[PDB]
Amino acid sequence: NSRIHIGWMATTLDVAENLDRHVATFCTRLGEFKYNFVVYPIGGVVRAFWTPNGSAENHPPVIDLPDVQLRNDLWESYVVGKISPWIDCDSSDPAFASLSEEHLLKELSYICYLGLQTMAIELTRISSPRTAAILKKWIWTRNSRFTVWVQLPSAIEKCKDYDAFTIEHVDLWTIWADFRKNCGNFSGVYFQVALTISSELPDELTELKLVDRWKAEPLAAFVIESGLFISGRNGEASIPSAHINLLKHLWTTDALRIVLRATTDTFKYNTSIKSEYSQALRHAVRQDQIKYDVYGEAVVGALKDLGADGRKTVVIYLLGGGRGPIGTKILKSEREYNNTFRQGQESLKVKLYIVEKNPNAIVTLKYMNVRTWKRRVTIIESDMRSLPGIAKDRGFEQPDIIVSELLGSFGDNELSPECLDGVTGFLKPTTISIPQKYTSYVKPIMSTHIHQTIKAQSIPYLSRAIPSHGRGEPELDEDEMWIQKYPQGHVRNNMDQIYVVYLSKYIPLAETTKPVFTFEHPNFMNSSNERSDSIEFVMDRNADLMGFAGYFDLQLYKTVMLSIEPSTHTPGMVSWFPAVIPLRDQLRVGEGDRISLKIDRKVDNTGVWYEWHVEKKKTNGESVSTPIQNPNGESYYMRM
């Protein structure tokens, strides 16, 4: 059995209680019934199996399949995410089709969020144009790779759009081939088709000349219905000779998974025949905690500066909660605080509002807030930059502390200052903000490896539509295919970007690094987040300067602070690797030369970018200057 993997597809048949919540024990039992992976409705069963035939008042159930309830690698191995069956972008009713595009998008996004390795999407028509368009752009513009099982219908007659008066030369294959075309013929290594076998075997599945086609197609799975008998021996549940001859016929490798599909309202042998189908089928074809702790210490100190006043209750806001180890952490910090400061007296109580934008994150936050946090915290869905309005509107009180962790390796690269800055109008002049300050540093380095590696990045055909890091977005070319173009040229584009690298085969040209860009919150005065500076060094040898290695340190609160800079590196911390500001071309230097790194941090109505370059000066005062790189963030432009 080691070689055959048998997926069990969720159905409206095994919808237990809170199944969405207890996926773990689910795959546990199922697994006990000798089968490994499962095809589960990604959105959750309370959503997957919702019925859309209601009034204008019947809206779809929000997504509710928590990640936390199962460690990631497990999600990746077992669960195969499938799109809610009620979704129908090619509906005959415009409104429902639009709705379906919207929610199809939502479920795609969530599948990415859970990080599944495989996905199912089941076609219900002979033509699914809109579905095609959506799916096509999706897959073509993702920066990752994942697999896709397009499960087909049992036969043509099951198709919503089937008129027995117009199916001239159509069949299941024609359907698949048509969808495959329509999504732009993405590599069958990742874009695959799943057949659905039932009781009645179509002719094109038995007539050799037709089952032959499926060999020249990315076949990934057979989806098999419980449409079968119990003939032989102790009523051995088995499978017809044409069925057998088929599965056998098309079983080319043991990577071709097989999903069993519950059609029959059989509670089985009281849930025992599952393994029987298993066998029948089988023998037919044979984490960075340090950062978090530091945050905790910061918090406790903060509660100590105010708690001393003999406070009672205090308003804390977590800005961008993620999955929230910082929420759990904050709470634990209130507990430790009370456990060591308020001994034999009135405890201090902290109220915790967590603000977040990503709806999947929210999905995790509610689960956390139920299981661990015990309904303590108020979850708020918005980007912090919109809080002020809905805060006092919906009746919430201004915070005392606002905790955030929006740091990039170069400090402000990940838009921290703009995010935190957007929430100033709703704070007390009293509001202490963590982190309080952070500063971005830099130090000249030399490596043929880092440079040569940055420069020689290339974009394979299959990655031709992946969106650029600059101001450009993918588009449609003449062949109606998505392409991310690069007018500035590929090399240019490669070199005008900050990067995040594990510095290995390099060497410093300065003994120590210099300060570049500092930021302090709360920014009550609203100073411009955009900056512009020179950072000069001195070379003491004949060397090739490939650019600068960027860092940052950061004070959460007063004494409490963590740092990535080499001289003061939080021991054992891995939460950040250094940034790299590369030069287009290795710049040569010798003993004596002074190097003026010109870096401007420019801000836009819609984004934020760095424009940098270098000025070399020998001792004779004579000076040169490399070209201004990343002019207008055309190659590197962090948007908002």
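Numbers follow the displayed sequence, beginning with 1.
Counting the deposited residues that fall between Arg376 and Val377 and carry no coordinates gives zero.
Taking the PDB entry as given, 293 to 301 carries the higher mean Cα B factor of the two stretches 293 to 301 and 103 to 111. Averaged over their C-alpha atoms, the temperature factors of 17 to 25 and 612 to 620 are higher for 17 to 25. For the set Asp600, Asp64, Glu32, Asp604, the PDB entry assigns the largest Cα B-factor to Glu32.
The PDB entry assigns its highest CA temperature factor, among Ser144, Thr196, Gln398, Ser91, to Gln398.
When all modelled residues of the chain are sorted by CA temperature factor, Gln586 is found within the lowest third. Ranked by C-alpha B-factor against the other modelled residues of its chain, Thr174 falls in the lowest third. Placement of the Cα temperature factor of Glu356 within the chain: middle third of the modelled residues, per the deposited record. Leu205: CA B factor lies in the middle third for its chain, per the PDB record. For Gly592, the recorded CA temperature factor ranks within the middle third of the chain's modelled residues.
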